[PDB]
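With compact mmCIF, C-alpha atoms inside, this is protein26.txt:
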# COMPACT_ATOMS: atom_id res chain seq x y z
CA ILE O 694 57.74 54.41 13.75
CA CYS O 695 56.88 50.80 14.57
CA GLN O 696 56.50 49.96 10.88
CA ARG O 697 59.93 51.37 10.08
CA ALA O 698 61.56 49.75 13.11
CA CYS O 699 60.17 46.35 12.13
CA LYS O 700 61.22 47.14 8.56
CA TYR O 701 64.84 47.78 9.52
CA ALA O 702 64.99 44.70 11.76
CA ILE O 703 63.52 42.96 8.71
CA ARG O 704 66.34 44.12 6.46
CA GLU O 705 68.71 42.85 9.14
CA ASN O 706 67.01 39.44 9.09
CA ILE O 707 67.15 39.13 5.32
CA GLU O 708 70.79 40.25 5.26
CA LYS O 709 71.62 37.51 7.76
CA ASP O 710 69.72 35.03 5.59
CA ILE O 711 71.61 36.16 2.48
CA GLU O 712 74.93 35.79 4.28
CA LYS O 713 73.88 32.30 5.36
CA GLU O 714 73.04 31.43 1.76
CA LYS O 715 76.42 32.79 0.64
CA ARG O 716 78.18 30.65 3.25
CA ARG O 717 76.23 27.58 2.13
CA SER O 718 77.22 28.31 -1.47
CA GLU O 719 80.82 28.46 -0.25
CA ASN O 720 80.44 25.10 1.55
CA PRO O 721 77.38 23.35 0.08
CA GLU O 722 78.48 19.95 1.41
CA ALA O 723 79.14 21.25 4.94
CA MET O 724 76.42 19.58 7.02
CA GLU O 725 74.38 22.24 8.81
CA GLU O 726 75.28 21.83 12.48
CA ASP O 727 72.61 22.34 15.13
CA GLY O 728 73.72 25.92 15.70
CA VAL O 729 70.99 27.78 17.59
CA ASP O 730 69.65 30.31 15.09
CA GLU O 731 69.96 33.83 16.44
CA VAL O 732 66.53 35.01 17.60
CA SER O 733 65.21 37.33 14.87
CA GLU O 734 63.90 40.12 17.09
CA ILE O 735 63.26 43.84 16.75
CA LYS O 736 66.14 45.53 18.55
CA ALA O 737 66.72 49.11 19.69
CA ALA O 738 69.19 49.92 16.90
CA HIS O 739 66.46 49.51 14.29
CA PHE O 740 64.13 51.64 16.42
CA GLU O 741 66.84 54.31 16.22
CA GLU O 742 67.04 53.85 12.45
CA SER O 743 63.25 54.11 12.18
CA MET O 744 62.95 57.27 14.29
CA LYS O 745 65.68 58.77 12.12
CA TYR O 746 62.77 58.84 9.64
CA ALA O 747 60.15 59.79 12.25
CA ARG O 748 57.53 62.37 11.24
CA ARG O 749 55.16 64.76 13.00
CA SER O 750 52.34 65.58 10.59
CA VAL O 751 50.71 68.10 12.94
CA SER O 752 52.45 71.37 13.82
CA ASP O 753 51.90 73.52 16.88
CA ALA O 754 50.01 75.98 14.66
CA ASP O 755 47.30 73.42 13.89
CA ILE O 756 46.96 72.64 17.60
CA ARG O 757 46.86 76.39 18.21
CA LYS O 758 43.91 76.61 15.81
CA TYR O 759 42.24 73.68 17.56
CA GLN O 760 42.65 75.27 20.99
CA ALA O 761 41.40 78.57 19.58
CA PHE O 762 38.24 76.72 18.56
CA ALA O 763 38.16 75.09 21.99
CA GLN O 764 38.41 78.53 23.61
CA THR O 765 35.67 79.98 21.40
CA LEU O 766 33.62 77.04 22.66
CA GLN O 767 34.61 77.15 26.35
CA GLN O 768 33.88 80.76 27.34
CA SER O 769 33.34 79.56 30.93
CA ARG O 770 34.18 81.89 33.83
CA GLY O 771 32.69 84.12 36.50
CA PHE O 772 30.32 81.85 38.43
CA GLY O 773 32.64 78.91 39.11
CA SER O 774 32.55 79.60 42.86
CA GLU O 775 30.85 83.00 43.30
CA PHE O 776 27.35 81.47 43.50
CA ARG O 777 25.83 80.19 46.74
CA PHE O 778 22.31 80.28 48.16
CA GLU O 779 21.41 82.05 51.39
CA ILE J 694 71.83 66.45 -26.09
CA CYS J 695 72.40 63.01 -27.59
CA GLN J 696 69.64 63.56 -30.14
CA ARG J 697 71.17 66.85 -31.28
CA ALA J 698 74.70 65.44 -31.33
CA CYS J 699 73.60 62.53 -33.50
CA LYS J 700 71.63 65.04 -35.57
CA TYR J 701 74.67 67.21 -36.27
CA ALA J 702 76.86 64.19 -37.06
CA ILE J 703 73.95 63.23 -39.32
CA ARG J 704 74.08 66.52 -41.19
CA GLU J 705 77.81 65.92 -41.56
CA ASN J 706 77.17 62.48 -43.05
CA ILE J 707 74.61 63.75 -45.54
CA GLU J 708 76.86 66.65 -46.53
CA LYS J 709 79.65 64.17 -47.25
CA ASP J 710 77.20 62.09 -49.28
CA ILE J 711 76.08 65.16 -51.25
CA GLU J 712 79.68 66.10 -51.98
CA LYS J 713 80.30 62.53 -53.16
CA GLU J 714 77.28 62.77 -55.46
CA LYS J 715 78.56 66.10 -56.79
CA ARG J 716 81.96 64.55 -57.50
CA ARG J 717 80.33 61.62 -59.28
CA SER J 718 78.30 64.06 -61.38
CA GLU J 719 81.60 65.75 -62.23
CA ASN J 720 83.16 62.40 -63.22
CA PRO J 721 80.31 59.93 -63.82
CA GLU J 722 82.55 57.56 -65.79
CA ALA J 723 85.32 57.56 -63.16
CA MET J 724 85.22 54.02 -61.78
CA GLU J 725 84.69 54.14 -58.01
CA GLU J 726 88.00 52.97 -56.55
CA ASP J 727 88.00 50.84 -53.41
CA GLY J 728 88.59 53.88 -51.22
CA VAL J 729 87.80 52.99 -47.61
CA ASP J 730 84.70 55.02 -46.79
CA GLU J 731 85.31 57.28 -43.80
CA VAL J 732 83.63 55.76 -40.75
CA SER J 733 80.42 57.74 -40.21
CA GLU J 734 80.67 58.21 -36.44
CA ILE J 735 79.40 60.70 -33.89
CA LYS J 736 82.38 62.90 -33.05
CA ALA J 737 83.03 65.42 -30.29
CA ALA J 738 82.57 68.46 -32.54
CA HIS J 739 78.92 67.60 -33.07
CA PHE J 740 78.52 67.04 -29.34
CA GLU J 741 79.80 70.61 -28.95
CA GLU J 742 77.30 71.80 -31.56
CA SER J 743 74.49 69.95 -29.78
CA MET J 744 75.30 71.30 -26.32
CA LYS J 745 75.37 74.77 -27.87
CA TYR J 746 71.61 74.10 -27.93
CA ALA J 747 71.54 72.34 -24.54
CA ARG J 748 68.63 73.12 -22.21
CA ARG J 749 67.89 72.86 -18.49
CA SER J 750 64.12 72.77 -18.06
CA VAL J 751 64.30 72.82 -14.24
CA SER J 752 65.59 75.87 -12.38
CA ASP J 753 67.08 75.99 -8.90
CA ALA J 754 63.81 77.56 -7.70
CA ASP J 755 61.82 74.44 -8.58
CA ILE J 756 64.37 72.28 -6.76
CA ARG J 757 64.14 74.74 -3.87
CA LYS J 758 60.39 74.13 -3.77
CA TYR J 759 60.96 70.38 -3.90
CA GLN J 760 63.45 70.48 -1.02
CA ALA J 761 61.07 72.73 0.91
CA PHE J 762 58.48 69.97 0.57
CA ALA J 763 61.14 67.43 1.55
CA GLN J 764 61.93 69.49 4.66
CA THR J 765 58.25 69.84 5.58
CA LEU J 766 58.23 66.04 5.34
CA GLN J 767 61.53 65.30 7.12
CA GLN J 768 61.17 67.17 10.44
CA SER J 769 63.56 64.63 12.00
CA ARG J 770 65.84 65.73 14.85
CA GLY J 771 66.39 65.51 18.59
CA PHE J 772 66.52 61.78 19.33
CA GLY J 773 69.05 60.68 16.72
CA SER J 774 71.56 59.73 19.41
CA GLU J 775 70.18 61.09 22.71
CA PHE J 776 68.18 57.91 23.45
CA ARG J 777 69.67 54.90 25.22
CA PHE J 778 68.29 52.44 27.75
CA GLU J 779 69.71 52.02 31.25

Please go through the file and, once you have read it, give me the structure as structure tokens.
Amino acid sequence: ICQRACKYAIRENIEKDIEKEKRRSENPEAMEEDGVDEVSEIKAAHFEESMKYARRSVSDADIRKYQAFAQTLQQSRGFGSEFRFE
Amino acid sequence: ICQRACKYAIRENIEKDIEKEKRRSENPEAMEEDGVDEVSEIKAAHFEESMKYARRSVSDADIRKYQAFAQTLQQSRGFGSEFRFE
């Protein structure tokens, strides 16, 4: 999820760069003013786009098998509190 | 489909050539006039003849298996639009 979120923010960054290059091609002689470059961050929209491709490799059936094994191991009952010395 | 269409146009071309050879055998001494040779192209009739032997190797069941795998991979739902920060 993090990889894909960074990846979508990354596409956003490169698209902004490509638009900047297009603008410079439009006005190559236009001196680049000291415009504060927008901070290239990882925003929530790209987290949304990443989770749109979120996966869950493990199903509840696999966890059911795991807890079945855990139960076959546990088998603990009876003397939890019924034991005390005279 | 393209191979068979070209192939049938190709049979047409060779049949025309064979008929020309037969005519020349009939009149070997007949000087070959400057008759514009018919343009040996790939026409729609031979595309019809080729598609008459068109195949589809993949059935809808194979694509159903592929999309079943794609669904087992996708498993994406729930938080497409239900998530937003305060």

inquiry  = What are the residues of chain O lining chain J at 7 Å or less? Count all atoms listed in the file, and put the answer as a PyMOL selection string.
reply    = chain O and resi 741+745-749

Can you write just those residues out, C-alpha atoms, as a CSV table (one decimal), in the frame of the given file?
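Output contents, as saved in result19.csv:
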chain,number,residue,atom,x,y,z
O,741,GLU,CA,66.8,54.3,16.2
O,745,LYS,CA,65.7,58.8,12.1
O,746,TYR,CA,62.8,58.8,9.6
O,747,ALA,CA,60.2,59.8,12.2
O,748,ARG,CA,57.5,62.4,11.2
O,749,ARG,CA,55.2,64.8,13.0

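With all atoms listed in the file taken into account, every residue lying no more than 12 Å from the file point (56.5, 48.8, 11.1) is included here: residues 694, 695, 696, 697, 698, 699, 700, 701, 702, 703, 704, 735, 739, 740, 742, 743, 744, 746 and 747 of chain O.
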
Report, as AutoDock Vina command-line options, the axis-aligned box around all atoms of region 745-754 of chain O present in the file, extended by 5 Å on each side; give centre and edge lengths in Å to one decimal place.
--center_x 57.8 --center_y 67.4 --center_z 13.3 --size_x 25.7 --size_y 27.2 --size_z 17.2

ask   = So which residues are close to (85.9, 58.1, -58.9), meaning at most 12 Å away in the file's coordinates with all atoms listed in the file counted, and can you show them as a VMD selection string?
value = chain J and resid 713 to 728

inquiry  = Can you pull out the residues contacting residue 732 (chain J)? Cut-off 12 Å, using all atoms listed in the file, and skip same-chain residues under 6 positions away; I want them as a PyMOL selection string.
reply    = chain J and resi 702+705-706+709

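You will find CA of residue 760 (chain J) at 28.4 Å from CA of residue 759 (chain O).
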
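CA of residue 763 (chain J) is positioned 24.2 Å from CA of residue 758 (chain O).
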
inquiry  = Between CA of residue 731 (chain O) and CA of residue 712 (chain O), what distance in Å does the model show, to one decimal?
reply    = 13.3 Å
